[PDB]
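Just one chain is shown here, as structure tokens, and it is the form deposited in one PDB entry.
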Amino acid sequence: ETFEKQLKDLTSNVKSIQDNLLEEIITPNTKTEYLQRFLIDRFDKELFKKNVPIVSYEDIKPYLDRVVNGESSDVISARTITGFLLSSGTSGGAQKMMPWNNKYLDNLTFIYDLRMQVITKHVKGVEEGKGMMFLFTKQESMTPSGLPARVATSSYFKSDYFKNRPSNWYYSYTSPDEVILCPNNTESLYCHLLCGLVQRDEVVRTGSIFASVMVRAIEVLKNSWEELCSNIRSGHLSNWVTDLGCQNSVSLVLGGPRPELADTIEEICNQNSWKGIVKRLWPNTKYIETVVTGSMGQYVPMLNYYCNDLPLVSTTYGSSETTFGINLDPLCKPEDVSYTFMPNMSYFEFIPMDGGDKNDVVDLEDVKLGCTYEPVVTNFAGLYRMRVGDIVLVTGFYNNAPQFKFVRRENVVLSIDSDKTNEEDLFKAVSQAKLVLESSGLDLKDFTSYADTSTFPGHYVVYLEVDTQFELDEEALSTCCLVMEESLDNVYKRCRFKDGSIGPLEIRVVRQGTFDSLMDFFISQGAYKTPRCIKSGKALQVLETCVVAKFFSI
């Protein structure tokens, strides 16, 4: 009742909700130093549109730095900045810091409740069970202001919005809160699975924010099931888990020896093939809740294999700037997933990214079917007309609310997990290898790359065509791998050296003429610059036939 109406109101009243939101945002902010600069002295949409510049992160980083260093929030926001969000996006190798306050949590939990309703409208059999949700709290990074920088969901978990969350199936997990709150994710992932297994009959949903993490959970399961079952059998958690909260809370889940349940799970895990393993271990699971769009699409085949084509439900599109909105057709196929922006989240504008829309910038209500755009965000934390760097495509309309397929993050050439390595990053990394090559009597002719997920964990593959005896200097080429990795950003390093979600960077040295042949291949397809990443399977086949040596970082 209330919900059908709530969604009707949100999606029919788009222009006026957006315009009221803008006014709500701008009015108290006229006296901030940032807006004073552009003479926004009263609210007026036309003046905001004429005088407030559309900016990139780098344009306004100087203002952000000052707040990070302890200066008054009102440099940019009359609503007090009480923390920051650590973006997966980076600047000079360091994670971007976006301003944050409780409004972010009000939006987030609003979105959680809305999508909960969307899911329950379309999926039956969930209200009595729990979810085995692979949820992780990360470590924060203190800023000189005394305000912490956290990743988005951690800013939620480390708050009473989470601790005092609603008491219903959607917020009920097989893992104790202590597990979710444990900053050691090697330990918390292990515990997630153990708790999941002990309470396997109650599991009606499983998932994680992103598909990569769901895949890693299953792979870790495949690598740990013997140990997990030993804990279940004895009723004791392995000694190696150090986190006191995990020890205490998981001890209670376990309760005592469960040899019989251990036998049951071992029998399942001992089968010939891991196919359908998630459904076999968790037979009451109704769906998998995880983002399968953007670069996460690469994990869809693996997920279907492990999950016996249980529905993959991809609910939410969001960022460090703002949550955007949700998938109002949760049971659609991963390739047809679009996200309906919610007009109460932030004020949204769009920069056309093809010829289909000749305007310079357009409101949410005005985006055209079939056109791509870059979202531009004005939020409740001191970001005004901020370009987001994602490309989206309008695929439809729910009432008056446009629905958007996520196309890509612009410039990104390599992404396995949370890492997002852009073309510039790659060029820098390759540049370091070049120095190594020069220092060993070689030079680099050309290069390209590829995100390999054919094995776990996934890793970056870089093809190098070198030029000047019986053998390649393996020490030098190994060193090339190392310097490339070392030039990458903190997010890659965390995944690689702490999460183990990314494996050693691999260099594949290719034969003389490889990249000339590559060029021949592409122009035979119709076509020039060597692409900096390859996503065509045929081109990839061409490269592979050219490989003469393989090296790995470490």
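Counting begins at 1, following the sequence as shown.
Another form, the form deposited in another entry, is not on view; read the next lines as being about it.
Exercise. Per best superposition fit, same rigid part for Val179 and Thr293 between the shown form and the other one?
Worked result: Taking the motion between the shown form and the other one as two rigid parts, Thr293 shares its part with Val179.
Exercise. Between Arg409 and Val430, do the C-alpha atoms lie closer or farther in the other entry than in the shown form, with a difference of 3 angstroms or more?
Worked result: Closer in the other entry, by 3 Å or more.
Problem set entry | in the other entry, shift in Cα separation for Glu178 relative to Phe456, 3 Å or more | Farther: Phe456 and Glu178 separate by 3 Å or more in the other entry.
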